[PDB]
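Visitor: sequence first, structure after, both from an experimental entry:
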There are 2 protein chains.
Amino acid sequence: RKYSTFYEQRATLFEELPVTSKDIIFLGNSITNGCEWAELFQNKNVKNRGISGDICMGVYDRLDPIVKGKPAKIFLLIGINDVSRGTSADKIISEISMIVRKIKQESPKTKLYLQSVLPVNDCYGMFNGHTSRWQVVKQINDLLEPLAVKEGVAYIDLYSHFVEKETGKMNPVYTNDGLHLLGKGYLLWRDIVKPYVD
Amino acid sequence: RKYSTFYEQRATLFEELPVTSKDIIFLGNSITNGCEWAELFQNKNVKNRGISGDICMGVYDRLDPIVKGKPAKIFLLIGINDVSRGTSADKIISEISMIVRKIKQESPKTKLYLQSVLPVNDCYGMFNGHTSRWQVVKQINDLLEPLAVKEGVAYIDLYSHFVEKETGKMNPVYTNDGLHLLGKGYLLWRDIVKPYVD
């Protein structure tokens, strides 16, 4: 109920806001939703198309008001809420490939950047549906990078910078719940992807 | 737990993003948080300082990284989550006046715009703590406008445009849950406040 009403609130607002060929789109779930992307990059062309709670088919169904504008770049980060529903990495990758093919077909000039699913951590005892499945994150990214080269789009490895090598979980310094990012976490993200924005 | 962790996520990100003297700040709770304000006004200087779930003392405690930058304008809309906690309109107005005095003292050049609390509607059966108290919204705005003239700041009447005269509740066309706004609801909001932004 809460996800579906909030999804409709954001999606109908996105239909009222025009995308143009100069735009850089950050597309994803709550981890994308939570940032002021245009402020983070001091770039009037960076736009937030994140929706808290979103899943792969959720993004796919709302692509039209985005690809219609033929944006310059799209940065996609999606999948963790499908994990928390018990969906397998195989099925998640096939849904992500559906998203990739649609964007290429409807806006072939758009540069698409596939971002690694971020690690999670169960240390704070929250989002147990998500954090209890922290092993699935690597399974997804192991398939996601080959999908990127197979489809001729870019793969960006955020995972390696956020993960704790010794544990495979997200470094607690970047989060206060095991899933979402503190301000410092978005600063690190900015440092990794800034070259692809300019 | 969810509000407090999300509050910290947004507040720490706001501490990393500089405010400047040219900035227009939209400050409030989920109804402010939910919009892409810079896109809505096609104005690179409009910035989103909304936090879903926020309350009056919540805004007050995070004023420093905002007033420090001495922004040009601040649009404040806050109070409905205090209503849902059972707090009286008297106490809410005294907490809003605390917020007004702090901004005037720390950034006396900032123009402050106090926006009427929006009406709610119980017709969809959600946010019952909020929507069952729909009468308190008018009690707040009846005190809020005198507070604005007494303190020498502006009062903006959004309420009159969103309310259903015959019921006193929000017109269902603008919402799908009785509390938050659909895309059309933000378009109306844009039409009312656009003169104060340019």
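Guide: Received, thanks. Numbering: from 1, shown residues only, chains lettered A, B, ... in the order given.
Visitor: buried stuff in whichever strand or helix holds residue A:129?
Guide: In this assignment (DSSP states H and E), residue A:129 forms part of helix A:128-131. Buried residues in helix A:128-131, defined by neighbour count with 16 or more other C-beta atoms under 10 Å in any protein chain shown: A:130-131. Just so you know, the C-beta spots here come from the backbone N, C-alpha and C atoms, and that holds for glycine as well.
Visitor: ok, then the element right after it?
Guide: Downstream of helix A:128-131 (by DSSP H and E), the next one is helix A:135-151.
Visitor: and for residue A:18, the neighbour number?
Guide: 11 (other C-beta atoms under 10 Å in any protein chain shown).
Visitor: tell me how far the closest residue to it other than its chain neighbours lies from residue A:25.
Guide: Excluding the flanking residues, the one nearest residue A:18 by C-beta to C-beta, 6 or more residues apart in numbering or on different chains is residue A:69, at 6.4 Å. Taking C-beta to C-beta, to the nearest Å as the measure, residue A:69 falls 9 Å from residue A:25.
Visitor: and residue A:105, by the same measure?
Guide: Residue A:105 is 17 Å from residue A:25, by C-beta to C-beta.
Visitor: more neighbours: these two, which one.
Guide: Set side by side, residue A:105 and residue A:25 show more neighbours around residue A:25, with 25 against 9, by other C-beta under 10 Å.
Visitor: for the more buried one, which non-adjacent residue is spatially closest?
Guide: Residue nearest to residue A:25 in three dimensions, not counting chain neighbours: residue A:74, with 4.6 Å by C-beta to C-beta, 6+ apart.
Visitor: coming back round to it: how would you label the residue nearest to residue A:18: helix, strand or coil?
Guide: coil (DSSP: H, G, I helix; E, B strand; the rest coil).
Visitor: what residues are up against the residue nearest to residue A:35 when sequence neighbours are not counted?
Guide: In this structure, residue A:35 finds its nearest non-sequential neighbour in residue A:186, 5.2 Å apart by C-beta to C-beta, 6+ apart. Counting by C-beta atoms under 8 Å, 6 or more residues apart in numbering or on different chains, residue A:186 makes contact with A:34-35, A:40, B:13, B:16.
Visitor: which element is residue A:186 on?
Guide: Going by DSSP H and E, residue A:186 is in helix A:183-197.
Visitor: list the buried residues in that helix.
Guide: For helix A:183-197, the neighbour count (16+ other C-beta under 10 Å) marks A:183, A:185-186, A:188-189, A:193, A:197 as buried.
Visitor: which of those residues sits closest to residue A:161?
Guide: Among the buried residues of helix A:183-197, residue A:188 lies closest to residue A:161 (C-beta to C-beta), at 6.0 Å.
Visitor: so the nearest residue to the closest one once chain neighbours are set aside is in which element?
Guide: In space, and not counting its chain neighbours, residue A:188 is closest to residue A:161: 6.0 Å by C-beta to C-beta, 6+ apart. Assessed by DSSP H and E, residue A:161 sits inside helix A:159-162.
Visitor: summarise which helices and strands that helix is packed against.
Guide: Here helix A:159-162 touches helix A:135-151, helix A:183-197, going by 3 or more C-beta pairs under 8 Å, 6 or more residues apart in numbering or on different chains; DSSP states H and E.
Visitor: torsion angles phi and psi at the nearest residue to residue A:171 once chain neighbours are set aside?
Guide: Nearest non-adjacent residue to residue A:171, counting by C-beta to C-beta, 6+ apart: residue A:164, 4.9 Å away. In terms of degrees, to the nearest 10, the main-chain angles of residue A:164 are phi -100, psi 110.
Visitor: residues contacting residue A:164?
Guide: A:119, A:121, A:170-171.
Visitor: filter these to the buried ones?
Guide: Buried subset of the contacts of residue A:164 (neighbour count, 16+ other C-beta under 10 Å): A:119, A:121, A:170-171.
Visitor: which of the residues you listed sits closest to residue B:157?
Guide: residue A:170 (45.7 Å).
Visitor: centre of the chain versus the helix or strand where residue A:48 lies, how much separation?
Guide: In this structure, residue A:48 sits in strand A:46-50 according to DSSP H and E. Mean C-alpha position of strand A:46-50 versus that of the full chain (C-alpha atoms, centre = their mean, to the nearest Å) differs by 11 Å.
Visitor: and if you look at stretch A:106-119?
Guide: With C-alpha atoms, centre = their mean, you get 9 Å for stretch A:106-119.
Visitor: circling back to that earlier point, dump the contacts of residue A:164 to CSV, plus secondary structure.
Guide: Below are those laid out as CSV (three-state DSSP):
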residue, secondary structure
A:119, coil
A:121, coil
A:170, strand
A:171, coil
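Visitor: can you report phi and psi for the most centrally placed residue in chain A?
Guide: A centroid search over chain A (C-alpha atoms, centre = their mean) returns residue A:77, at 1.4 Å, as the residue closest to the centre. Here is the backbone geometry of residue A:77 (degrees, to the nearest 10): phi -140, psi 110.
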